[PDB]
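The block underneath contains the structure these notes are about, expressed in structure tokens.
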Amino acid sequence: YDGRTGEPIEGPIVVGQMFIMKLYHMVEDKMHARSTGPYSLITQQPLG
Amino acid sequence: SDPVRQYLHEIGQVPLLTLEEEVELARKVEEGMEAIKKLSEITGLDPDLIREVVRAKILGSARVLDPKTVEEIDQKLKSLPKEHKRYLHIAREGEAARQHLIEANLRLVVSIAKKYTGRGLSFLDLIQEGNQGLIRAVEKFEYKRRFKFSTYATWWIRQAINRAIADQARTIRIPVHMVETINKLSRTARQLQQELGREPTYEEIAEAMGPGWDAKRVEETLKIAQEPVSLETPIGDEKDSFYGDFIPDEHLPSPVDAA
């Protein structure tokens, strides 16, 4: 049954138990932003 | 390529000496120096200038003070009546003997210098500094004492090699005495570790060094002995990251500070 309308999905749906894992790739560790910051010595370009 | 084998070939292209030739050459050099000083007294000029012009005339046109003045003084030396052109002759012969003695003894330099590899100077630099020491020893040798030339020359060759190592092995120059202090500290720590079964502490090294030495002084001496690292040291398995890519610039003002 659809939870928003209470009507059934028009065809039968495959449902069951699955084993799912959470991976070490988390968006908390990856989001990064910069306006200005440190610059390199020789090239005077932003660091990485 | 391989300049070491090339130099070794040029070195071996000169025959060694026997005792007769070596003592003859050393005597010739000594008489040449005496003749040079006698000629300087006769003509009133400086011994150094006369030695330089005589060496220039001996080495010839191949080795590039100027031709005008050297020819002037060489003609002034030809103006001597007699018993003084003889001194000129012995001077020239002594300079030729000096050249021959150095060339013949160049092999001892290589034999000595082969034991100082892996201390911050390449093999050919060690050989050249040993050659400089050999030239010094030829300058200072005395054949009257009936000592073989190698006996006296080895000391000067070793002195030249060690002074060169202490002078040119580090990117940041450290004075000679404090280089000896560092080497003594390393030897003392190594023997302390060998006896103790583990790395010594600064207090134990200070005690082993002797009076006037404590843990703070040992720490400072070990601090200054650190060598700089390369800004081009690779980081990671791939050849895409270097060390200097992680070092920011602190001198130039940031845009925020300028505003």
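For the protein sequence lines, the chains are C and F, in the order given. So for the first sequence, the deposited numbering puts the first residue at 975; every next one is plus one. Per the deposited numbering: the second sequence = residues 78 to 141, 151 to 345. For each residue, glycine too, the CB sits at the ideal point set by N, CA and C.
Using the Cβ count rule (16 or more neighbours within 10 Å means buried), how would you classify C/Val1001?
The residue labelled residue 1001 of chain C in the question sits at position 27 within the first sequence. By the 10 Å Cβ count, C/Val1001 comes out exposed.
At least one CB of chain C closer than 8 Å to the CB of F/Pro339: is that the case?
Position 253 of the second sequence, counting from 1, holds the residue named residue 339 of chain F. No, F/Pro339 does not count as interfacial toward chain C.
Counting along the chain, where does the alpha helix (DSSP H) carrying F/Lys105 start and finish?
Position 28 of the second sequence, counted from the start, is the residue given in the question as residue 105 of chain F. F/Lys105 -> alpha helix (DSSP H) spans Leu96 to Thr120.
Have a look at F/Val224, F/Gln279, F/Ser208 and F/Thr287 and flag the residue whose alpha-carbon is nearest the alpha-carbon of F/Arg256.
The sequence position of residue 256 of chain F within the second sequence is 170, counting from 1. Cα-wise, what sits closest to F/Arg256 is F/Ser208.
Once you ignore the five residues that flank F/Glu99 on each side, which residues in its own chain have a CB closer than 6 Å to its CB?
For the purposes of this step, residue 99 of chain F is taken as the residue at position 22 of the second sequence. So the qualifying residues of the chain are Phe235.
Cα separation between F/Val131 and F/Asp160?
Along the second sequence, read from residue 1 onward, the residue named residue 131 of chain F stands at position 54. Along the second sequence, read from residue 1 onward, the residue named residue 160 of chain F stands at position 74. Roughly 8 Å between the two C-alpha positions.
If you follow the alpha helix (DSSP H) that C/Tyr1013 is in, where does it begin and where does it stop?
As a first step, residue 1013 of chain C must be located in the first sequence, where it is residue number 39. Taken as a continuous stretch (DSSP letters only), C/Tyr1013 belongs to no alpha helix (DSSP H), as it is neither H nor E.
Please state if the CB of F/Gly216 and the CB of F/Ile251 are separated by a distance shorter than 8 Å.
Taking the first residue of the second sequence as position 1, residue 251 of chain F is located at position 165. Taking the first residue of the second sequence as position 1, residue 216 of chain F is located at position 130. Cβ atoms of F/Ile251 and F/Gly216: not closer than 8 Å.
C/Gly980 CB to nearest chain F CB: under 8 Å?
Translated into positions along the first sequence, residue 980 of chain C becomes position 6. C/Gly980 does not count as touching chain F.
Using a 10 Å radius around the Cβ and a threshold of 16 neighbouring Cβ atoms, would you call F/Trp241 buried or exposed?
Position 155 of the second sequence holds residue 241 of chain F. Exposed, by the Cβ-count rule.
Under 8 Å between the Cβ atoms of F/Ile113 and F/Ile127?
In the second sequence, counting from the first residue as 1, residue 113 of chain F sits at position 36. In the second sequence, counting from the first residue as 1, residue 127 of chain F sits at position 50. Pairing F/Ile113 with F/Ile127 gives a Cβ-Cβ distance under 8 Å.
Give a yes or no on whether 8 Å exceeds the smallest Cβ distance from C/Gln991 to chain F.
Counting from 1 along the first sequence, the entry for residue 991 of chain C is found at position 17. Taking Cβ atoms only, chain F never reaches closer than 8 Å to C/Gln991, which makes this a no.
Would you verify that the beta carbon of C/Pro1012 is, or is not, closer than 8 Å to some beta carbon of chain A?
Considering every chain present, this structure includes no chain A. Its protein chains are C and F.
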